[PDB]
Structure formats: C-alpha cells, structure tokens
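K.L.:
So that we are looking at the same thing, I have put the structure below in structure tokens.
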Amino acid sequence: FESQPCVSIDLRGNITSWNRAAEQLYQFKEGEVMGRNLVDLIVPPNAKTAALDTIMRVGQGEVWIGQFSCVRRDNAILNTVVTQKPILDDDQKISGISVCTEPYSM
Amino acid sequence: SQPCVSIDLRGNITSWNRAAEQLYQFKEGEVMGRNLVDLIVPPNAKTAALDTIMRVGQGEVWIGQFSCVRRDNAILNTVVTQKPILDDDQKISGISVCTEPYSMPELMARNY
C-alpha cells in the first residue's frame with residue numbers, strides 16, 4: 001500500500017528506495033534510478049545547494065516540510081511540497097532520509 | 001492546547017499563549033518583549049539555538065529537538081515546530097515556535 005510518492009536516500013543523497021507513486025510523479029522506474037543521487041537527478045542546477053543544505057539538516061535529526069521544485073523526466077518543472085524525515089533503522093540510529101510528496105502544490 | 005510563542009526577527013517575544021504559560025511557567029505580561037533564547041535556553045545551548053531558530057525561510061517548516069529550561073529550572077527536552085510569520089506584503093516579520101508533544105524519534109520515518 002502507498003499513500004503518496006516516497007523516495008528514500010542515504011545520508012549522501014543517493015537513492016535507496018523509490019516507490020510506485022514516485023515512478024509516476026517523476027517518470028522514472030526504480031531500477032533506472034537506484035543508487036543515483038536524488039538532488040542531481042531531479043533538482044534544477046541553481047537550486048542544488050539549497051536542497052543539499054536541507055538534506056544535511058534532516059539527516060542530522062530534523063523534519064522539514066516545504067516547497068521543492070524538481071524536474072520530471074519529460075523536463076516539466078514540478079512545484080511540489082515535500083515532507084523530509086530522518087529514517088531510523090532497527091538499531092535506532094539515523095540511516096537515511098525520507099522524501100515524500102504531498103498532494104498540494106506551492 | 002498547544003504551547004505557542006511568536007518572536008520578532010530580533011528574537012524578542014511578540015505572543016505567548018496560555019499553554020506556553022503552563023509549559024514554561026511564565027505569564028504573557030512578564031515575557032512580552034523579552035528575548036526568547038535568554039529566557040528559556042540553557043547558556044551552553046544558546047548559540048546553537050540561535051544558529052537555527054532564526055533560519056526559517058518562506059515556504060518551509062522545521063521541526064526539531066529544542067532544549068529549554070522552565071522558570072523553576074527543570075530541564076525540558078522538547079520538540080518545536082518553527083514556521084515563518086508573514087506580514088501584509090508577504091515578507092517574513094517573525095517566527096512562530098510551537099511545542100509538539102513528542103520526542104523526535106516518534107516523528108521520524110522507519111525502516112523494517
């Protein structure tokens with residue numbers, strides 16, 4: 001079951017999971033993008049530093065909700081709202097970041 | 001029900017609700033205009049708090065751990081949601097700092 005587009009990245013920003021709703025939103029299949037860097041894949045070049053700064057704070061233990069402009073496979077610009085969360089593993093340590101897209105645009 | 005404090009962009013208190021009076025043990029009248037970080041953040045943690053507490057931009061919300069100290073000097077390990085307050089021209093004019101009743105791990109995502 002999937003409520004929304006969701007992507008998981010490790011602490012460097014490389015993709016570790018990419019759900020079916022993400023396949024539809026961004027127009028890549030999971031196999032095409034596994035291991036690729038999310039910010040390089042979909043964030044427009046002038047916005048990468050800002051996106052990376054957010055991800056760095058999230059990986060250190062904060063939750064973020066905000067405007068997230070990204071580039072679909074077909075080169076449409078998406079003005080999304082995303083919820084970014086640290087992901088905890090079984091050992092209760094931060095292992096990555098969740099990037100989930102909300103149903104309203106900014 | 002939710003403790004909420006508003007600050008201006010100097011870090012000084014502009015709003016303090018009844019729930020904040022109960023959480024932190026101060027009344028609105030005595031804290032209005034006071035610097036929030038000097039009021040409730042332990043000395044060792046202030047630069048850290050300042051480093052982030054003023055950094056919220058337009059169209060984002062930050063949720064994170066926030067160590068504070070009550071009037072009685074009990075240490076509180078809290079979580080706060082920080083959002084910008086916009087003026088009539090949609091410029092940031094302040095920051096809203098509202099307490100969540102959870103520790104951070106209860107808000108995080110999980111791998112199984």
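Going by the structure tokens order, chains are called A, B, ..., each with residues numbered from 1, while ligands are numbered from 1 in the order shown.
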Report as a Markdown table: every residue of chain B with an atom at most 12 Å from chain A, its closest pair of atoms, and their distance in Å to one decimal, counting only C-alpha atoms, with rows sorted by chain and ascending residue number.

P.N.:
```
| residue | atom | partner | partner_atom | distance |
| --- | --- | --- | --- | --- |
| B:52 | CA | A:57 | CA | 9.9 |
| B:55 | CA | A:54 | CA | 11.4 |
| B:56 | CA | A:64 | CA | 10.3 |
| B:57 | CA | A:66 | CA | 9.6 |
| B:58 | CA | A:66 | CA | 8.8 |
| B:59 | CA | A:66 | CA | 5.6 |
| B:60 | CA | A:66 | CA | 4.2 |
| B:61 | CA | A:65 | CA | 5.1 |
| B:62 | CA | A:64 | CA | 4.8 |
| B:63 | CA | A:63 | CA | 5.0 |
| B:64 | CA | A:62 | CA | 4.8 |
| B:65 | CA | A:62 | CA | 7.5 |
| B:66 | CA | A:62 | CA | 10.6 |
| B:79 | CA | A:62 | CA | 9.8 |
| B:80 | CA | A:62 | CA | 10.2 |
| B:81 | CA | A:63 | CA | 9.1 |
| B:82 | CA | A:64 | CA | 9.8 |
| B:83 | CA | A:65 | CA | 9.9 |
| B:84 | CA | A:66 | CA | 11.6 |
| B:103 | CA | A:61 | CA | 11.1 |
| B:104 | CA | A:61 | CA | 7.6 |
| B:105 | CA | A:88 | CA | 7.8 |
| B:106 | CA | A:88 | CA | 10.1 |
| B:107 | CA | A:63 | CA | 7.9 |
| B:108 | CA | A:86 | CA | 5.5 |
| B:109 | CA | A:87 | CA | 4.5 |
| B:110 | CA | A:88 | CA | 4.9 |
| B:111 | CA | A:89 | CA | 5.3 |
| B:112 | CA | A:90 | CA | 7.1 |
```

K.L.:
Please provide as a PyMOL selection string all residues within 10 Å of residue 75 in chain B, with the sequence filter that same-chain residues fewer than 5 positions apart are discarded (counting only C-alpha atoms).

P.N.:
chain B and resi 40-42+67-70

K.L.:
What gap, in Å, lies between CA of residue 93 in chain B and CA of residue 8 in chain B?

P.N.:
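The value is 6.3 Å.
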
K.L.:
DSSP on the backbone: which residues in chain B end up as strand (DSSP E)? Give the answer as a PyMOL selection string.

P.N.:
chain B and resi 4-8+13-16+60-69+75-86+92-100+109-110

K.L.:
CA of residue 92 in chain B to CA of residue 51 in chain A: how many Å, to one decimal?

P.N.:
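Separation between CA of residue 92 in chain B and CA of residue 51 in chain A: 20.5 Å.
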
K.L.:
Taking the DSSP assignment computed from this structure's backbone, write out as a list in words all residues of chain A that belong to alpha helix (DSSP H).

P.N.:
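Result set for chain A (alpha helix (DSSP H)): residues 20, 21, 22, 23, 24, 25, 26, 30, 31, 32, 33, 38, 39, 40, 41, 42, 48, 49, 50, 51, 52, 53, 54, 55, 56, 57, 58 and 59 of chain A.
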
K.L.:
For the residues in the current selection, export N, CA, C and O atoms as an mmCIF file, in the first residue's frame.

P.N.:
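Once written, result31.cif looks like this:
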```cif
data_model
loop_
_atom_site.group_PDB
_atom_site.id
_atom_site.type_symbol
_atom_site.label_atom_id
_atom_site.label_comp_id
_atom_site.auth_asym_id
_atom_site.auth_seq_id
_atom_site.Cartn_x
_atom_site.Cartn_y
_atom_site.Cartn_z
ATOM 1 N N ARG A 20 6.159 3.232 -6.242
ATOM 2 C CA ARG A 20 5.442 3.317 -7.495
ATOM 3 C C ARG A 20 4.832 4.689 -7.757
ATOM 4 O O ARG A 20 4.814 5.131 -8.893
ATOM 5 N N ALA A 21 4.426 5.365 -6.693
ATOM 6 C CA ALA A 21 3.893 6.718 -6.851
ATOM 7 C C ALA A 21 5.024 7.702 -7.264
ATOM 8 O O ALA A 21 4.754 8.642 -8.004
ATOM 9 N N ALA A 22 6.242 7.464 -6.809
ATOM 10 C CA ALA A 22 7.432 8.247 -7.254
ATOM 11 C C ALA A 22 7.724 7.951 -8.736
ATOM 12 O O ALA A 22 8.019 8.844 -9.536
ATOM 13 N N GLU A 23 7.540 6.699 -9.144
ATOM 14 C CA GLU A 23 7.697 6.360 -10.553
ATOM 15 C C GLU A 23 6.733 7.169 -11.385
ATOM 16 O O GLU A 23 7.060 7.630 -12.485
ATOM 17 N N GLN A 24 5.514 7.362 -10.895
ATOM 18 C CA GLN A 24 4.537 8.131 -11.652
ATOM 19 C C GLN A 24 4.798 9.627 -11.604
ATOM 20 O O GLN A 24 4.630 10.336 -12.633
ATOM 21 N N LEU A 25 5.180 10.120 -10.439
ATOM 22 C CA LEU A 25 5.418 11.560 -10.291
ATOM 23 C C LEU A 25 6.593 12.031 -11.123
ATOM 24 O O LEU A 25 6.502 13.035 -11.834
ATOM 25 N N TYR A 26 7.715 11.352 -10.994
ATOM 26 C CA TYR A 26 8.965 11.770 -11.619
ATOM 27 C C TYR A 26 9.210 11.142 -13.018
ATOM 28 O O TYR A 26 10.051 11.617 -13.783
ATOM 29 N N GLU A 30 12.037 2.598 -10.649
ATOM 30 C CA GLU A 30 13.003 2.392 -9.557
ATOM 31 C C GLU A 30 14.356 1.830 -10.059
ATOM 32 O O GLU A 30 15.432 2.348 -9.700
ATOM 33 N N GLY A 31 14.307 0.816 -10.912
ATOM 34 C CA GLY A 31 15.542 0.237 -11.465
ATOM 35 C C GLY A 31 16.445 1.215 -12.216
ATOM 36 O O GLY A 31 17.678 1.020 -12.279
ATOM 37 N N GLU A 32 15.859 2.250 -12.798
ATOM 38 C CA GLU A 32 16.583 3.262 -13.581
ATOM 39 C C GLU A 32 17.349 4.240 -12.711
ATOM 40 O O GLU A 32 18.302 4.900 -13.165
ATOM 41 N N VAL A 33 16.928 4.354 -11.462
ATOM 42 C CA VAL A 33 17.454 5.404 -10.600
ATOM 43 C C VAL A 33 18.060 4.946 -9.287
ATOM 44 O O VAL A 33 18.662 5.755 -8.563
ATOM 45 N N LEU A 38 19.754 11.792 -5.690
ATOM 46 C CA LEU A 38 18.455 12.429 -5.895
ATOM 47 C C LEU A 38 18.541 13.897 -6.315
ATOM 48 O O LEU A 38 17.838 14.358 -7.241
ATOM 49 N N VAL A 39 19.386 14.662 -5.642
ATOM 50 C CA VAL A 39 19.495 16.091 -5.957
ATOM 51 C C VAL A 39 19.996 16.235 -7.405
ATOM 52 O O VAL A 39 19.480 16.993 -8.210
ATOM 53 N N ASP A 40 21.031 15.466 -7.800
ATOM 54 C CA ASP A 40 21.457 15.560 -9.198
ATOM 55 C C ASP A 40 20.416 15.107 -10.214
ATOM 56 O O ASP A 40 20.349 15.655 -11.322
ATOM 57 N N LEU A 41 19.636 14.098 -9.847
ATOM 58 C CA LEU A 41 18.637 13.532 -10.736
ATOM 59 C C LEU A 41 17.545 14.548 -11.050
ATOM 60 O O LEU A 41 17.175 14.672 -12.223
ATOM 61 N N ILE A 42 16.992 15.184 -10.016
ATOM 62 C CA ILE A 42 15.740 15.952 -10.208
ATOM 63 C C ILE A 42 15.780 17.392 -9.776
ATOM 64 O O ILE A 42 14.825 18.137 -10.063
ATOM 65 N N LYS A 48 20.423 23.313 -6.252
ATOM 66 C CA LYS A 48 21.034 22.159 -5.620
ATOM 67 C C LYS A 48 21.662 22.490 -4.268
ATOM 68 O O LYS A 48 21.542 21.749 -3.302
ATOM 69 N N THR A 49 22.345 23.626 -4.155
ATOM 70 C CA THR A 49 22.951 23.937 -2.870
ATOM 71 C C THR A 49 21.897 24.049 -1.780
ATOM 72 O O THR A 49 22.108 23.540 -0.685
ATOM 73 N N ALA A 50 20.793 24.706 -2.067
ATOM 74 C CA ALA A 50 19.725 24.858 -1.070
ATOM 75 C C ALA A 50 19.152 23.474 -0.689
ATOM 76 O O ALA A 50 18.968 23.157 0.496
ATOM 77 N N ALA A 51 18.927 22.635 -1.689
ATOM 78 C CA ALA A 51 18.341 21.303 -1.458
ATOM 79 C C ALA A 51 19.289 20.441 -0.587
ATOM 80 O O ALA A 51 18.853 19.679 0.288
ATOM 81 N N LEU A 52 20.592 20.547 -0.845
ATOM 82 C CA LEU A 52 21.590 19.785 -0.108
ATOM 83 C C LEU A 52 21.701 20.260 1.352
ATOM 84 O O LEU A 52 21.889 19.445 2.248
ATOM 85 N N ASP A 53 21.547 21.560 1.568
ATOM 86 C CA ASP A 53 21.615 22.129 2.919
ATOM 87 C C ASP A 53 20.424 21.589 3.750
ATOM 88 O O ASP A 53 20.591 21.204 4.913
ATOM 89 N N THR A 54 19.254 21.508 3.115
ATOM 90 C CA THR A 54 18.055 20.973 3.760
ATOM 91 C C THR A 54 18.339 19.526 4.132
ATOM 92 O O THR A 54 18.144 19.098 5.275
ATOM 93 N N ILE A 55 18.800 18.743 3.162
ATOM 94 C CA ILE A 55 19.013 17.342 3.377
ATOM 95 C C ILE A 55 20.050 17.100 4.502
ATOM 96 O O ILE A 55 19.904 16.191 5.330
ATOM 97 N N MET A 56 21.077 17.933 4.555
ATOM 98 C CA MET A 56 22.060 17.789 5.604
ATOM 99 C C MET A 56 21.443 17.983 7.007
ATOM 100 O O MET A 56 21.758 17.224 7.912
ATOM 101 N N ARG A 57 20.571 18.967 7.163
ATOM 102 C CA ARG A 57 19.895 19.212 8.449
ATOM 103 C C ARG A 57 18.921 18.081 8.803
ATOM 104 O O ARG A 57 18.869 17.619 9.936
ATOM 105 N N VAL A 58 18.167 17.617 7.818
ATOM 106 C CA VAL A 58 17.311 16.471 8.026
ATOM 107 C C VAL A 58 18.091 15.247 8.455
ATOM 108 O O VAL A 58 17.741 14.614 9.459
ATOM 109 N N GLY A 59 19.203 14.930 7.785
ATOM 110 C CA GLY A 59 19.987 13.776 8.171
ATOM 111 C C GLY A 59 20.566 13.831 9.593
ATOM 112 O O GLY A 59 20.932 12.802 10.121
#
```

K.L.:
Which of these residues is nearest to residue 11 in chain B, using only C-alpha atoms: B:34, B:46, B:71, B:91?

P.N.:
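Once distances to residue 11 in chain B are computed over only C-alpha atoms, the minimum belongs to B:34.
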
K.L.:
Suppose you want the space between CA of residue 33 in chain B and CA of residue 48 in chain B; what is it in Å?

P.N.:
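Those two atoms sit 21.5 Å apart.
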
K.L.:
List the neighbours of range 19-30 of chain B out to 7 Å using only C-alpha atoms; skip same-chain residues closer than 6 positions along the sequence, and give me the result as a list in words.

P.N.:
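Near neighbours after the sequence-gap exclusion: residues 1, 2, 3, 4, 5, 70 and 71 of chain B.
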